[PDB]
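Novice: Starting off with a structure, shown below.
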Amino acid sequence: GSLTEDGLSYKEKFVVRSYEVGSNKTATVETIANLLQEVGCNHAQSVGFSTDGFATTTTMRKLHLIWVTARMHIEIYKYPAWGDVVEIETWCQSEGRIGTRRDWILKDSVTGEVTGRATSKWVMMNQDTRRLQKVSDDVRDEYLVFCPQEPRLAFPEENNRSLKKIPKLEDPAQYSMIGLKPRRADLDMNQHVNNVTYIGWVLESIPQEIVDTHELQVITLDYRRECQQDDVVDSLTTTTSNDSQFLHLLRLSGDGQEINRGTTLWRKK
Amino acid sequence: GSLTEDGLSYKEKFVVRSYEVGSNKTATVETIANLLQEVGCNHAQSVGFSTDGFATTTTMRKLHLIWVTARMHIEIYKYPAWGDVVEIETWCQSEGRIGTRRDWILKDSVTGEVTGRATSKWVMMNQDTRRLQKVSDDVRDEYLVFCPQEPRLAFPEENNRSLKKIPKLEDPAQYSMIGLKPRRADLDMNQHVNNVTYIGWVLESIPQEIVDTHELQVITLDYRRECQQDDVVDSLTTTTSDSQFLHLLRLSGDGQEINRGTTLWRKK
Ligand SMILES: Cc1nc(-c2cccc(N)c2)cs1
Ligand SMILES: Cc1nc(-c2cccc(N)c2)cs1
């Protein structure tokens with residue numbers, strides 16, 4: 001991979017692997033989400049920021065501040081087949097004192113056509129206290145020279161799906177998968193549960209008949225609280241809708257504390 | 001990747017990814033095992049065999065016959081760091097009517113030094129009845145032109161670790177991780193649990209303090225029975241000693257054995 005000519009975005013090519021595909025012989029949404037994280041990490045390395053997933057400056061490291069994903073929104077038109085080459089372009093942009101945004105465009109390497117797009121909202125948080133804080137001018141200025149100055153949005157549309165408010169699923173859920181636990185393969189280098197694991201956990205409560213007759217088109221996922229390595233999770237889903245839509249809730253198995261909420265949109269194969 | 005000059009082995013380079021590393025900022029043994037699978041699959045594609053993990057011929061497909069892993073043995077000297085390039089060379093060899101063997105050598109691309117090696121034993125099985133069968137001459141001959149004729153072993157030493165008999169762990173286990181279940185990410189394209197998931201499940205019962213102060217050097221794992229998508233697994237471990245452990249994976253209900261293995265760990 002490499003930064004583009006103007007140095008304000010990063011591109012990288014990936015060949016889809018045999019273990020990265022599902023029952024359709026095409027890449028799963030979790031393989032896609034891992035590739036988004038990989039290209040995000042290589043973009044941070046290219047410009048001197050931390051490579052641990054929190055993309056910090058030396059100023060943020062001294063204050064124990066990190067960037068944390070608040071929302072992930074992914075829209076796939078065609079999942080790359082095994083052996084296909086996918087090219088992903090990524091960039092970041094400040095959104096005032098609220099937080100920052102990382103966007104991605106996925107393309108078929110052979111045809112040059114757009115096969116997907118994603119956006120994510122990030123907030124700044126103290127690593128130890130877990131307290132959120134509005135971005136300061138001095139931290140903001142450190143990032144502005146690595147971002148486009150004019151707005152560049154993967155989801156420019158008027159009332160786009162990426163910014164819609166997600167409601168809380170009310171019991172009883174129509175479907176559930178109970179007692180989900182992370183294993184060591186689900187942890188990152190800092191022993192935190194990888195953000196992509198939560199996507200997998202959300203999808204566990206979708207009936208197999210939906211997965212077998214439909215394809216996932218859109219997933220929007222809010223991240224409210226972290227699942228610890230020793231926590232147990234319950235994944236809940238209810239149909240809200242040719243296209244099928246679902247409302248999702250991930251909560252801790254004991255007290256029912258919310259860790260994530262989301263929506264998925266599926267189209268008939 | 002590509003077949004080598006003589007066409008009897010296959011090589012491929014991989015750049016270690018950010019999500020592929022553990023707490024040491026180096027590739028996990030599960031990332032290594034997935035890369036062994038990937039290069040095995042690209043080798044099969046390069047010579048016209050099936051790419052579903054069973055590396056079948058048209059003769060085997062007609063008979064509903066598949067190749068299934070019976071044993072995996074992996075020895076790592078240095079785990080590749082994040083961003084490093086690792087080159088893996090793989091080849092196959094027939095072992096008479098018993099089954100076949102796939103071997104691998106891992107190397108650091110920059111230095112050319114060997115950083116690891118692996119071997120695996122495969123048996124032929126009817127995919128529907130699950131009955132094992134000794135290889136026939138007609139199926140064996142189809143593969144012989146894609147394999148070295150003289151023996152080529154990743155583990156040459158007479159009576160080496162890769163061929164040692166593994167005993168059955170007796171209750172009570174010293175450590176355990178119970179109620180392990182596969183999710184969709186653990187399945188392959190044919191909706192079967194990926195062989196690498198079982199390695200992860202074995203390692204779940206190793207205490208965190210061992211993982212934090214030691215590095216995994218050798219893992220030998222026997223595959224006895226398949227975990228179905230709706231099965232629940234218990235992972236059991238007992239110290240037998242460098243630290244050595246005996247492992248057992250069994251179905252949560254009746255205690256039916258799915259795998260047994262050993263691991264050897266070195267102090268960091
Ligand atoms: C690798 C890069 N990260 C960024 C980035 C990271 C956090 C916040 C903002 N505003 C930008 C720009 S280029
Ligand atoms: C891709 C390849 N598979 C083989 C292979 C596969 C099964 C049995 C034997 N004896 C060889 C050689 S090259």
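In the structure tokens, each chain is lettered A, B, ... as it comes, each chain's residues begin at 1, and ligands are numbered from 1 in order of appearance.
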Which residues are close to residue A:219, i.e. within 9 Å by only C-alpha atoms, leaving aside same-chain residues fewer than 3 positions away? Reply as JSON, numbers by chain.

Specialist: {"A": [72, 73, 74, 75, 199, 216, 262, 263, 264, 265]}

Novice: For chain A against ligand 1, with a cut-off of 10 Å and counting only C-alpha atoms and all ligand atoms, what is the closest atom pair and its distance in Å to one decimal for every residue that makes the cut, ordered by chain and number, as a tab-separated table?

Specialist:
residue	atom	partner	partner_atom_place_in_ligand_line	distance
A:3	CA	ligand 1	1 (C)	9.7
A:7	CA	ligand 1	13 (S)	9.1
A:8	CA	ligand 1	13 (S)	7.1
A:9	CA	ligand 1	13 (S)	7.3
A:10	CA	ligand 1	1 (C)	8.3
A:39	CA	ligand 1	1 (C)	9.5
A:40	CA	ligand 1	1 (C)	6.7
A:41	CA	ligand 1	1 (C)	7.3
A:42	CA	ligand 1	1 (C)	7.7
A:43	CA	ligand 1	1 (C)	4.5
A:44	CA	ligand 1	1 (C)	3.4
A:45	CA	ligand 1	1 (C)	6.9
A:46	CA	ligand 1	1 (C)	7.1
A:47	CA	ligand 1	1 (C)	6.1
A:48	CA	ligand 1	1 (C)	7.9
A:49	CA	ligand 1	1 (C)	6.5
A:50	CA	ligand 1	1 (C)	8.8
A:51	CA	ligand 1	1 (C)	9.2
A:54	CA	ligand 1	7 (C)	8.2
A:55	CA	ligand 1	6 (C)	5.7
A:56	CA	ligand 1	7 (C)	7.2
A:57	CA	ligand 1	7 (C)	8.8
A:66	CA	ligand 1	7 (C)	9.3
A:67	CA	ligand 1	7 (C)	6.8
A:68	CA	ligand 1	7 (C)	9.7
A:90	CA	ligand 1	1 (C)	8.9
A:91	CA	ligand 1	13 (S)	6.5
A:92	CA	ligand 1	12 (C)	4.7
A:93	CA	ligand 1	10 (N)	5.0
A:94	CA	ligand 1	10 (N)	4.1
A:95	CA	ligand 1	10 (N)	7.6
A:96	CA	ligand 1	10 (N)	8.9
A:97	CA	ligand 1	10 (N)	9.9
A:99	CA	ligand 1	8 (C)	7.4
A:100	CA	ligand 1	10 (N)	4.9
A:101	CA	ligand 1	10 (N)	7.0
A:102	CA	ligand 1	5 (C)	7.5
A:122	CA	ligand 1	7 (C)	7.9
A:123	CA	ligand 1	8 (C)	8.9
A:124	CA	ligand 1	8 (C)	8.8
A:135	CA	ligand 1	8 (C)	9.3
A:139	CA	ligand 1	8 (C)	8.6
A:140	CA	ligand 1	10 (N)	6.2
A:141	CA	ligand 1	10 (N)	8.5
A:142	CA	ligand 1	10 (N)	8.3
A:143	CA	ligand 1	11 (C)	4.8
A:144	CA	ligand 1	10 (N)	6.3
A:145	CA	ligand 1	12 (C)	8.0
A:146	CA	ligand 1	13 (S)	4.6
A:147	CA	ligand 1	12 (C)	5.3
A:148	CA	ligand 1	12 (C)	8.9

Novice: Using only C-alpha atoms, which protein or nucleic acid residues come within 12 Å of residue B:172? Drop anything in the same chain fewer than 3 positions from it, and give the result as a CSV table (one decimal) with N, CA, C and O atoms, in the first residue's frame.

Specialist:
chain,number,residue,atom,x,y,z
B,169,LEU,N,-5.8,-37.7,28.2
B,169,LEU,CA,-5.8,-37.0,29.5
B,169,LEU,C,-6.8,-37.6,30.4
B,169,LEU,O,-7.9,-37.9,30.0
B,175,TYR,N,-6.4,-27.8,34.4
B,175,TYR,CA,-7.0,-26.5,33.9
B,175,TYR,C,-8.2,-26.9,32.9
B,175,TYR,O,-8.1,-27.9,32.2
B,176,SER,N,-9.2,-26.0,32.8
B,176,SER,CA,-10.2,-26.2,31.8
B,176,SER,C,-10.9,-24.9,31.3
B,176,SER,O,-10.9,-23.9,32.1
B,236,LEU,N,-9.5,-29.1,27.9
B,236,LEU,CA,-8.8,-29.6,29.1
B,236,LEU,C,-7.3,-29.6,28.9
B,236,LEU,O,-6.9,-30.0,27.9
B,237,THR,N,-6.5,-29.2,29.9
B,237,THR,CA,-5.1,-29.2,30.0
B,237,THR,C,-4.5,-29.6,31.3
B,237,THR,O,-5.0,-29.2,32.4
B,238,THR,N,-3.4,-30.3,31.3
B,238,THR,CA,-2.6,-30.7,32.5
B,238,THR,C,-1.1,-30.6,32.2
B,238,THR,O,-0.7,-31.0,31.1
B,248,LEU,N,-6.9,-32.1,25.8
B,248,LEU,CA,-8.0,-32.9,25.4
B,248,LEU,C,-9.2,-32.0,25.1
B,248,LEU,O,-9.5,-31.1,25.9

Novice: So which one's closest to ligand 2, B:152, B:62, B:71, B:102? Using only C-alpha atoms and all ligand atoms, please.

Specialist: B:102

Novice: Could you please tell me, as a PyMOL selection string, which residues of chain A have an atom within 7 Å of chain B when using only C-alpha atoms?

Specialist: chain A and resi 17-19+21-23+25+38+183+188-191+204

Novice: One number please: atom CA of residue B:244 to atom CA of residue B:195, in Å, one decimal.

Specialist: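 We find that atom CA of residue B:244 and atom CA of residue B:195 lie 22.1 Å from each other.
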
Novice: Using Å and a single decimal, report how far atom CA of residue B:206 sits from atom CA of residue A:202.

Specialist: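 Taking atom CA of residue A:202 and atom CA of residue B:206, their separation equals 28.0 Å.
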
Novice: Would you list the residues that come within 9 Å of ligand 2? Count only C-alpha atoms and all ligand atoms and give the answer as a ChimeraX atom specification.

Specialist: /B:8-10,40-51,54-57,67,90-96,99-102,122-124,139-147

Novice: Which residue out of A:269, A:203, A:85, A:173 has the minimum interatomic distance to residue A:111 when only C-alpha atoms are used?

Specialist: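 Among A:269, A:203, A:85, A:173, it is A:85 that comes nearest to residue A:111.
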
Novice: Could you pull the residues within 8 Å of residue B:226, counting only C-alpha atoms, minus those fewer than 2 positions along the same chain, as a PDB file with N, CA, C and O atoms, in the first residue's frame?

Specialist:
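around-v1.pdb, written as the output of this step:
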ATOM      1  N   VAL B 193     -16.412 -26.646  10.682  1.00  0.00           N
ATOM      2  CA  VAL B 193     -15.528 -25.883  11.556  1.00  0.00           C
ATOM      3  C   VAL B 193     -14.099 -25.968  11.007  1.00  0.00           C
ATOM      4  O   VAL B 193     -13.611 -27.069  10.712  1.00  0.00           O
ATOM      5  N   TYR B 223      -6.773 -35.105  15.259  1.00  0.00           N
ATOM      6  CA  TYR B 223      -8.163 -34.802  14.922  1.00  0.00           C
ATOM      7  C   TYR B 223      -8.901 -36.144  14.871  1.00  0.00           C
ATOM      8  O   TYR B 223      -8.592 -36.999  14.033  1.00  0.00           O
ATOM      9  N   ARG B 224      -9.801 -36.375  15.829  1.00  0.00           N
ATOM     10  CA  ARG B 224     -10.495 -37.664  15.939  1.00  0.00           C
ATOM     11  C   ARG B 224     -11.919 -37.613  15.411  1.00  0.00           C
ATOM     12  O   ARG B 224     -12.409 -38.565  14.791  1.00  0.00           O
ATOM     13  N   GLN B 228     -19.580 -30.320  15.291  1.00  0.00           N
ATOM     14  CA  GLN B 228     -20.622 -29.769  14.425  1.00  0.00           C
ATOM     15  C   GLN B 228     -20.881 -28.316  14.841  1.00  0.00           C
ATOM     16  O   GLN B 228     -20.552 -27.913  15.962  1.00  0.00           O
ATOM     17  N   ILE B 258     -12.952 -35.191  20.651  1.00  0.00           N
ATOM     18  CA  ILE B 258     -12.855 -34.652  19.304  1.00  0.00           C
ATOM     19  C   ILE B 258     -11.374 -34.468  18.923  1.00  0.00           C
ATOM     20  O   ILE B 258     -11.025 -34.671  17.758  1.00  0.00           O
TER      21      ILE B 258
END

Novice: Write out as number ranges by chain the residues lying within 9 Å of residue A:213, counting only C-alpha atoms and excluding same-chain residues fewer than 4 positions away.

Specialist: A: 208-209, 267-269

Novice: For those residues, write C-alpha atoms to a file as a CSV table (one decimal), in the first residue's frame.

Specialist:
chain,number,residue,atom,x,y,z
A,208,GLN,CA,-29.5,-19.3,9.2
A,209,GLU,CA,-32.4,-19.4,6.7
A,267,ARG,CA,-31.6,-8.3,0.0
A,268,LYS,CA,-32.9,-11.6,-1.5
A,269,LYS,CA,-30.1,-13.4,-3.5

Novice: Enumerate as a PyMOL selection string all residues of stretch 50-243 of chain B assigned to strand (DSSP E or B) by DSSP on the backbone, naming them with the chain letters and numbers the document uses.

Specialist: chain B and resi 65-76+81+85-94+100-108+114-126+132-133+175-180+187+193+214-223+233-239+243

Novice: Excluding residue A:260 and its own-chain neighbours fewer than 4 positions away, which residues fall within 8 Å of it when counting only C-alpha atoms? Please give them as a PyMOL selection string.

Specialist: chain A and resi 198+221-225+249-251

Novice: Just to confirm, what's the straight-line distance from atom CA of residue B:164 to atom CA of residue B:220 in Å (one decimal)?

Specialist: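 Answer for the atom CA of residue B:164 to atom CA of residue B:220 separation: 8.9 Å.
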
Novice: So which residues touch stretch 76-80 of chain B within 8 Å, counting only C-alpha atoms, skipping near sequence neighbours fewer than 2 positions away, as a list in words?

Specialist: residues 16, 26, 27, 28, 74, 82, 84, 85, 86, 108, 115, 116, 117, 216, 217 and 218 of chain B

Novice: Mind checking DSSP for stretch 148-264 of chain A and telling me the helix (DSSP H, G or I) residues as a PyMOL selection string?

Specialist: chain A and resi 161-163+184-186+195-203+208-213

Novice: Using only C-alpha atoms for the distances, tell me which of B:229, B:133, B:126, B:235 is nearest to residue B:261.

Specialist: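 Closest to residue B:261, using only C-alpha atoms: B:235.
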